[PDB]
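Engineer: The structure file target08.cif (mmCIF, C-alpha atoms) is provided below.
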```cif
data_run
loop_
_atom_site.label_atom_id
_atom_site.label_comp_id
_atom_site.auth_asym_id
_atom_site.auth_seq_id
_atom_site.Cartn_x
_atom_site.Cartn_y
_atom_site.Cartn_z
CA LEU A 59 -5.49 -35.23 11.97
CA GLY A 60 -6.16 -32.36 14.35
CA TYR A 61 -9.39 -31.19 15.97
CA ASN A 62 -8.96 -27.62 14.70
CA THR A 63 -8.17 -28.76 11.17
CA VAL A 64 -11.30 -30.93 11.05
CA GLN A 65 -13.59 -28.34 12.67
CA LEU A 66 -12.41 -25.61 10.29
CA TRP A 67 -12.84 -28.02 7.38
CA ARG A 68 -16.41 -28.48 8.61
CA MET A 69 -17.02 -24.74 8.80
CA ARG A 70 -15.71 -24.20 5.25
CA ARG A 71 -17.90 -27.13 4.16
CA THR A 72 -21.00 -25.77 5.94
CA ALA A 73 -20.44 -22.28 4.51
CA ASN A 74 -20.56 -23.63 0.96
CA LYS A 75 -23.81 -25.50 1.67
CA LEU A 76 -25.35 -22.24 2.91
CA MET A 77 -24.04 -20.16 -0.03
CA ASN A 78 -25.50 -22.61 -2.55
CA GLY A 79 -28.93 -22.20 -0.97
CA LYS A 80 -31.91 -24.26 -2.10
CA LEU A 81 -31.97 -26.11 1.23
CA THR A 82 -34.98 -27.47 3.07
CA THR A 83 -36.26 -25.02 5.68
CA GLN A 84 -35.30 -27.30 8.58
CA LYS A 85 -31.95 -28.23 6.99
CA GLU A 86 -30.78 -24.62 6.57
CA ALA A 87 -31.77 -23.79 10.15
CA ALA A 88 -29.93 -26.85 11.47
CA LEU A 89 -26.81 -25.70 9.61
CA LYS A 90 -27.12 -22.12 10.85
CA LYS A 91 -27.77 -23.48 14.35
CA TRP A 92 -24.52 -25.48 14.29
CA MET A 93 -22.55 -22.53 12.89
CA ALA A 94 -23.76 -20.18 15.64
CA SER A 95 -22.51 -22.61 18.29
CA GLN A 96 -18.97 -22.45 16.90
CA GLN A 97 -18.64 -18.65 16.93
CA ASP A 98 -17.84 -17.96 20.59
CA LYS A 99 -15.53 -20.99 20.81
CA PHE A 100 -13.38 -20.16 17.76
CA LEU A 101 -13.25 -16.44 18.56
CA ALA A 102 -12.02 -17.19 22.08
CA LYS A 103 -9.44 -19.71 20.86
CA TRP A 104 -7.98 -17.29 18.28
CA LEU A 105 -7.68 -14.44 20.80
CA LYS A 106 -5.74 -16.58 23.29
CA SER A 107 -3.24 -17.98 20.77
CA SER A 108 0.18 -16.42 20.17
CA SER A 109 0.49 -17.91 16.67
CA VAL A 110 -2.97 -17.17 15.21
CA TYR A 111 -3.29 -13.92 13.21
CA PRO A 112 -5.78 -12.48 10.68
CA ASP A 113 -4.20 -13.64 7.39
CA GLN A 114 -4.13 -17.18 8.78
CA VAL A 115 -7.74 -17.02 9.96
CA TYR A 116 -8.72 -15.60 6.59
CA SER A 117 -7.15 -18.62 4.94
CA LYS A 118 -8.51 -21.21 7.35
CA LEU A 119 -12.08 -19.88 6.98
CA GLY A 120 -12.07 -20.13 3.18
CA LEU A 121 -12.14 -16.38 2.54
CA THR A 122 -8.79 -16.10 0.74
CA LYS A 123 -10.02 -18.56 -1.86
CA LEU A 124 -13.29 -16.68 -2.33
CA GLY A 125 -11.50 -13.51 -3.43
CA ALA A 126 -13.91 -10.67 -4.14
CA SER A 127 -16.91 -12.77 -3.02
CA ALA A 128 -15.44 -13.30 0.47
CA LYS A 129 -18.16 -11.11 1.99
CA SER A 130 -20.79 -13.49 0.67
CA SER A 131 -19.59 -16.22 3.04
CA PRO A 132 -21.25 -16.86 6.42
CA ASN A 133 -17.72 -16.99 7.87
CA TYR A 134 -16.87 -13.40 6.89
CA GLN A 135 -18.72 -11.92 9.87
CA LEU A 136 -16.77 -14.33 12.08
CA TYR A 137 -13.46 -13.14 10.68
CA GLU A 138 -14.81 -9.60 11.01
CA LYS A 139 -15.67 -10.04 14.69
CA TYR A 140 -12.12 -11.35 15.19
CA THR A 141 -10.31 -8.40 13.61
CA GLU A 142 -12.64 -6.08 15.52
CA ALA A 143 -11.47 -7.68 18.77
CA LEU A 144 -7.82 -7.30 17.76
CA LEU A 145 -8.19 -3.61 16.91
CA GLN A 146 -9.90 -3.05 20.26
CA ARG A 147 -6.95 -4.74 22.01
CA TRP A 148 -4.25 -2.88 20.07
CA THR A 149 -6.05 0.39 20.76
CA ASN A 150 -6.22 -0.29 24.50
CA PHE A 151 -2.47 -0.90 24.33
CA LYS A 152 -2.05 2.23 22.21
CA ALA A 153 0.14 0.02 20.05
CA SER A 154 2.12 1.88 17.43
CA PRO A 155 1.43 1.07 13.76
CA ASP A 156 4.88 -0.55 13.58
CA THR A 157 3.86 -2.94 16.34
CA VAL A 158 0.56 -3.64 14.55
CA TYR A 159 2.54 -4.33 11.36
CA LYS A 160 4.33 -7.16 13.18
CA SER A 161 1.12 -8.38 14.85
CA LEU A 162 -0.32 -8.87 11.36
CA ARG A 163 2.89 -10.70 10.34
CA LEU A 164 3.19 -8.21 7.50
CA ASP A 165 6.95 -8.08 8.19
CA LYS A 166 7.32 -11.66 6.89
CA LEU A 167 5.72 -10.90 3.54
CA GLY A 168 8.46 -8.50 2.41
CA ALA A 169 7.55 -6.67 -0.77
CA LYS A 170 4.29 -8.66 -1.00
CA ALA A 171 2.92 -7.13 2.21
CA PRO A 172 0.63 -4.68 0.30
CA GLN A 173 -1.17 -7.65 -1.31
CA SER A 174 -2.13 -9.11 2.05
CA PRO A 175 -5.84 -9.10 2.97
CA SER A 176 -4.71 -7.67 6.30
CA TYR A 177 -3.06 -4.70 4.62
CA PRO A 178 -6.13 -2.38 4.42
CA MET A 179 -6.64 -2.96 8.14
CA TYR A 180 -3.00 -1.95 8.76
CA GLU A 181 -3.31 1.18 6.64
CA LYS A 182 -6.48 2.25 8.44
CA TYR A 183 -4.83 1.81 11.85
CA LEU A 184 -1.76 3.72 10.69
CA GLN A 185 -3.82 6.63 9.35
CA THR A 186 -6.01 6.73 12.45
CA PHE A 187 -2.96 6.60 14.73
CA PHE A 188 -1.48 9.67 13.00
CA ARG A 189 -4.57 11.76 12.21
CA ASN A 190 -3.98 15.01 14.09
CA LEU B 59 7.90 37.29 -5.93
CA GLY B 60 10.84 35.61 -4.17
CA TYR B 61 14.30 34.52 -5.33
CA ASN B 62 13.78 30.85 -4.39
CA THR B 63 10.46 30.73 -6.23
CA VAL B 64 12.02 32.32 -9.33
CA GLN B 65 14.92 29.84 -9.39
CA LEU B 66 12.51 26.87 -9.13
CA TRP B 67 10.41 28.45 -11.86
CA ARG B 68 13.52 28.54 -14.07
CA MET B 69 14.27 24.90 -13.25
CA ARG B 70 10.76 23.97 -14.39
CA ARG B 71 10.99 26.17 -17.50
CA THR B 72 14.46 24.96 -18.47
CA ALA B 73 13.23 21.37 -18.04
CA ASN B 74 10.34 22.09 -20.41
CA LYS B 75 12.61 23.52 -23.12
CA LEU B 76 14.75 20.37 -23.07
CA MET B 77 11.69 18.10 -23.25
CA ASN B 78 10.14 20.18 -26.04
CA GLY B 79 12.93 19.59 -28.57
CA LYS B 80 13.23 23.06 -30.10
CA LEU B 81 16.78 23.87 -28.95
CA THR B 82 19.90 24.04 -31.11
CA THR B 83 23.00 22.09 -30.14
CA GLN B 84 24.67 25.07 -28.46
CA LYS B 85 21.56 26.23 -26.60
CA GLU B 86 20.98 22.68 -25.38
CA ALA B 87 24.51 22.44 -23.99
CA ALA B 88 24.13 25.83 -22.31
CA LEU B 89 20.83 24.94 -20.65
CA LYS B 90 22.21 21.61 -19.43
CA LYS B 91 25.33 23.34 -18.08
CA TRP B 92 23.23 25.89 -16.18
CA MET B 93 21.04 23.06 -14.83
CA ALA B 94 24.07 21.12 -13.62
CA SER B 95 25.29 24.19 -11.72
CA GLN B 96 22.06 24.19 -9.70
CA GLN B 97 22.27 20.56 -8.63
CA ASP B 98 24.54 20.62 -5.59
CA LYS B 99 23.05 23.88 -4.32
CA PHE B 100 19.42 22.74 -4.37
CA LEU B 101 20.43 19.39 -2.85
CA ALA B 102 22.22 21.06 0.06
CA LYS B 103 19.40 23.54 0.70
CA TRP B 104 16.70 20.86 0.83
CA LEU B 105 18.78 18.51 2.98
CA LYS B 106 19.64 21.32 5.41
CA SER B 107 16.03 22.48 5.77
CA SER B 108 13.71 21.09 8.42
CA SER B 109 10.56 22.17 6.54
CA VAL B 110 11.35 20.60 3.13
CA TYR B 111 10.00 17.14 2.36
CA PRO B 112 9.73 14.98 -0.80
CA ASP B 113 6.13 15.63 -1.80
CA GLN B 114 6.93 19.36 -1.64
CA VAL B 115 10.14 19.13 -3.73
CA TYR B 116 8.31 16.88 -6.21
CA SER B 117 5.74 19.62 -6.72
CA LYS B 118 8.17 22.54 -6.85
CA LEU B 119 10.14 20.63 -9.50
CA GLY B 120 7.00 20.24 -11.62
CA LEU B 121 6.91 16.46 -11.28
CA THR B 122 3.51 15.97 -9.60
CA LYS B 123 1.49 16.93 -12.65
CA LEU B 124 3.53 14.63 -14.89
CA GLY B 125 2.42 11.37 -13.26
CA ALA B 126 4.18 8.26 -14.54
CA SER B 127 6.03 10.23 -17.22
CA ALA B 128 7.71 12.30 -14.44
CA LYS B 129 10.88 10.27 -15.17
CA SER B 130 11.05 12.04 -18.52
CA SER B 131 11.78 15.33 -16.83
CA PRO B 132 15.42 16.35 -16.40
CA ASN B 133 14.48 17.37 -12.84
CA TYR B 134 13.42 13.84 -11.91
CA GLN B 135 16.99 12.79 -11.24
CA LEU B 136 17.55 15.82 -8.98
CA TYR B 137 14.52 14.69 -6.99
CA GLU B 138 15.90 11.14 -6.87
CA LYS B 139 19.29 12.24 -5.58
CA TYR B 140 17.38 14.12 -2.86
CA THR B 141 15.36 11.08 -1.77
CA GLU B 142 18.45 8.85 -1.96
CA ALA B 143 20.18 11.20 0.52
CA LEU B 144 17.15 11.17 2.83
CA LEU B 145 16.82 7.38 2.69
CA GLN B 146 20.51 6.94 3.51
CA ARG B 147 20.23 9.44 6.39
CA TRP B 148 17.22 7.71 7.96
CA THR B 149 18.74 4.29 7.38
CA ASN B 150 21.92 5.37 9.17
CA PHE B 151 19.94 6.73 12.11
CA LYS B 152 17.85 3.48 12.12
CA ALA B 153 14.76 5.67 12.15
CA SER B 154 11.55 3.74 12.56
CA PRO B 155 9.04 3.61 9.70
CA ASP B 156 6.56 5.51 11.87
CA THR B 157 9.13 8.31 12.04
CA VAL B 158 9.64 8.13 8.27
CA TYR B 159 5.85 8.40 7.82
CA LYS B 160 5.70 11.80 9.51
CA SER B 161 9.00 12.92 7.97
CA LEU B 162 7.22 12.47 4.61
CA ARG B 163 4.20 14.34 6.11
CA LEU B 164 2.02 11.39 5.06
CA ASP B 165 0.19 11.79 8.39
CA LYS B 166 -1.22 15.10 7.11
CA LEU B 167 -2.91 13.29 4.22
CA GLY B 168 -5.02 10.87 6.28
CA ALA B 169 -6.89 8.37 4.12
CA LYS B 170 -5.32 9.96 1.01
CA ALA B 171 -1.74 9.12 2.06
CA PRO B 172 -1.60 5.99 -0.19
CA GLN B 173 -2.07 8.29 -3.22
CA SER B 174 1.00 10.32 -2.24
CA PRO B 175 3.94 10.26 -4.70
CA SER B 176 6.06 9.45 -1.62
CA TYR B 177 4.01 6.41 -0.61
CA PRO B 178 6.05 3.75 -2.48
CA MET B 179 9.22 5.13 -0.86
CA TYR B 180 7.55 4.78 2.56
CA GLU B 181 6.36 1.24 1.80
CA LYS B 182 9.88 0.30 0.69
CA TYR B 183 11.56 1.72 3.80
CA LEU B 184 8.97 -0.03 5.94
CA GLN B 185 9.44 -3.43 4.25
CA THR B 186 13.23 -3.08 4.38
CA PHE B 187 13.12 -2.08 8.04
CA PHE B 188 11.42 -5.33 9.09
CA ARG B 189 13.19 -7.79 6.79
CA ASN B 190 13.95 -10.78 9.08
#
```
Take the structure in the file and write it out as structure tokens.

Structural biologist:
Amino acid sequence: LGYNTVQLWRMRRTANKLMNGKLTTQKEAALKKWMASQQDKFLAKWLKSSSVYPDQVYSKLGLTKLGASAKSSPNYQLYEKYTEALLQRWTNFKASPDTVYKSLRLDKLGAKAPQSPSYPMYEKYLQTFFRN
Amino acid sequence: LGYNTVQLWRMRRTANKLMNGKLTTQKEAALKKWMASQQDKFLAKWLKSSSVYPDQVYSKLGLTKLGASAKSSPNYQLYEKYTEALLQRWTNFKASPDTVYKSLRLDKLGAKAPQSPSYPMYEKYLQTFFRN
């Protein structure tokens, strides 16, 4: 059992407890206090890894499962702050959309690439790259 | 006004007569013979031109307004032979998907590019380019 697997399991678990609500005032704060202390550390770990990418982080944070209610999870803003950092990096590189497509591992999905939760991010980068 | 415009207008009008079912046997044969005689010539002209691209041909052949039933027009298969030739050209050159994107002029459509009748062709070339 790995540290990252357990921690992520705990962040998915904590997110459900916050989405259900009806928590004691001190209990909800103690959960939100523990979540806030995991933001910087997970965001920095994901940015330094060569194997971590958005579709994987989406899955490990519980957002894939949530489907259309993914934005209701406390972990959405964390995933958001991660993709924001990636787009900032790729823009500083002036990466081409074809390079971004491989960063997002969309090449491995074949014909299912358009169904990826990363796909709207890829399309926006591609359009912005080419908007004269 | 111009010869090219008039010929394309006859291709659209001849296509409508076939689809509309009012022709005798002999008039049907004669319209289909005339249409066949235009096939190689239009194909060569569009492939030789640097300013002709699929979305444009699709419109000048009357397909855009047909939507999904565009395949019912006799001109659909002329359009398809044109995009087959393009796809085989770009595949032989090993042109990158980013290059294919601006060959299709999808860059001019910005956030509306995904609604382009050429978009599935782009997505297919892109997926096929990065397979393994």

Engineer: Decode the PyMOL selection byres ((chain A) within 10 of (chain B)) for the given file into explicit residues and return them as a PDB file with C-alpha atoms, in the coordinates of the input.

Structural biologist:
```pdb
ATOM      1  CA  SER A 154       2.120   1.880  17.430  1.00  0.00           C
ATOM      2  CA  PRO A 155       1.430   1.070  13.760  1.00  0.00           C
ATOM      3  CA  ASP A 156       4.880  -0.550  13.580  1.00  0.00           C
ATOM      4  CA  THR A 157       3.860  -2.940  16.340  1.00  0.00           C
ATOM      5  CA  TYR A 159       2.540  -4.330  11.360  1.00  0.00           C
ATOM      6  CA  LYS A 160       4.330  -7.160  13.180  1.00  0.00           C
ATOM      7  CA  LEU A 164       3.190  -8.210   7.500  1.00  0.00           C
ATOM      8  CA  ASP A 165       6.950  -8.080   8.190  1.00  0.00           C
ATOM      9  CA  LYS A 166       7.320 -11.660   6.890  1.00  0.00           C
ATOM     10  CA  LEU A 167       5.720 -10.900   3.540  1.00  0.00           C
ATOM     11  CA  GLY A 168       8.460  -8.500   2.410  1.00  0.00           C
ATOM     12  CA  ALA A 169       7.550  -6.670  -0.770  1.00  0.00           C
ATOM     13  CA  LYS A 170       4.290  -8.660  -1.000  1.00  0.00           C
ATOM     14  CA  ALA A 171       2.920  -7.130   2.210  1.00  0.00           C
ATOM     15  CA  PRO A 172       0.630  -4.680   0.300  1.00  0.00           C
ATOM     16  CA  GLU A 181      -3.310   1.180   6.640  1.00  0.00           C
ATOM     17  CA  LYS A 182      -6.480   2.250   8.440  1.00  0.00           C
ATOM     18  CA  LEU A 184      -1.760   3.720  10.690  1.00  0.00           C
ATOM     19  CA  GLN A 185      -3.820   6.630   9.350  1.00  0.00           C
ATOM     20  CA  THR A 186      -6.010   6.730  12.450  1.00  0.00           C
ATOM     21  CA  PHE A 187      -2.960   6.600  14.730  1.00  0.00           C
ATOM     22  CA  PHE A 188      -1.480   9.670  13.000  1.00  0.00           C
ATOM     23  CA  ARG A 189      -4.570  11.760  12.210  1.00  0.00           C
ATOM     24  CA  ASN A 190      -3.980  15.010  14.090  1.00  0.00           C
TER      25      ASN A 190
END
```

Engineer: After fitting chain A to chain B over all Cα atoms matched in order, what RMSD is left?

Structural biologist: 0.5 Å

Engineer: Any idea what the distance is between CA of residue 70 in chain B and CA of residue 175 in chain B?

Structural biologist: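 Interatomic distance, CA of residue 70 in chain B to CA of residue 175 in chain B: 18.1 Å.
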
Engineer: So how far away is CA of residue 125 in chain B from CA of residue 137 in chain B, in Å?

Structural biologist: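 The value is 14.0 Å.
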
Engineer: Leaving out residue 72 in chain A and any residue of its chain fewer than 5 positions from it, which residues lie within 10 Å of it when counting all atoms listed in the file, given as a PDB file with C-alpha atoms, keeping the file's coordinate frame?

Structural biologist:
```pdb
ATOM      1  CA  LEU A  66     -12.410 -25.610  10.290  1.00  0.00           C
ATOM      2  CA  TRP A  67     -12.840 -28.020   7.380  1.00  0.00           C
ATOM      3  CA  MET A  77     -24.040 -20.160  -0.030  1.00  0.00           C
ATOM      4  CA  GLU A  86     -30.780 -24.620   6.570  1.00  0.00           C
ATOM      5  CA  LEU A  89     -26.810 -25.700   9.610  1.00  0.00           C
ATOM      6  CA  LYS A  90     -27.120 -22.120  10.850  1.00  0.00           C
ATOM      7  CA  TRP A  92     -24.520 -25.480  14.290  1.00  0.00           C
ATOM      8  CA  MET A  93     -22.550 -22.530  12.890  1.00  0.00           C
ATOM      9  CA  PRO A 132     -21.250 -16.860   6.420  1.00  0.00           C
ATOM     10  CA  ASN A 133     -17.720 -16.990   7.870  1.00  0.00           C
TER      11      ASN A 133
END
```

Engineer: One decimal, Å: what's the distance from CA of residue 129 in chain B over to CA of residue 91 in chain B, could you say?

Structural biologist: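 Computing it gives 19.7 Å between the two atoms.
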
Engineer: Just checking: using all atoms listed in the file, which residue out of B:97, B:78, B:84, B:62 ends up closest to residue 131 in chain B?

Structural biologist: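 Of all the options, B:78 lies closest to residue 131 in chain B.
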
Engineer: Using only the atoms of range 71-75 of chain B listed in the file, plus 3 Å on each side, state the axis-aligned box centre and edge lengths in Å rounded to one decimal, as JSON.

Structural biologist:
```
{"center_x": 12.4, "center_y": 23.8, "center_z": -20.3, "size_x": 10.1, "size_y": 10.8, "size_z": 11.6}
```

Engineer: Mind telling me what the PyMOL selection byres ((chain A and resi 105) around 12) catches here, as a list in words?

Structural biologist: residues 98, 99, 100, 101, 102, 103, 104, 106, 107, 108, 109, 110, 111, 112, 115, 137, 139, 140, 141, 142, 143, 144, 145, 146 and 147 of chain A
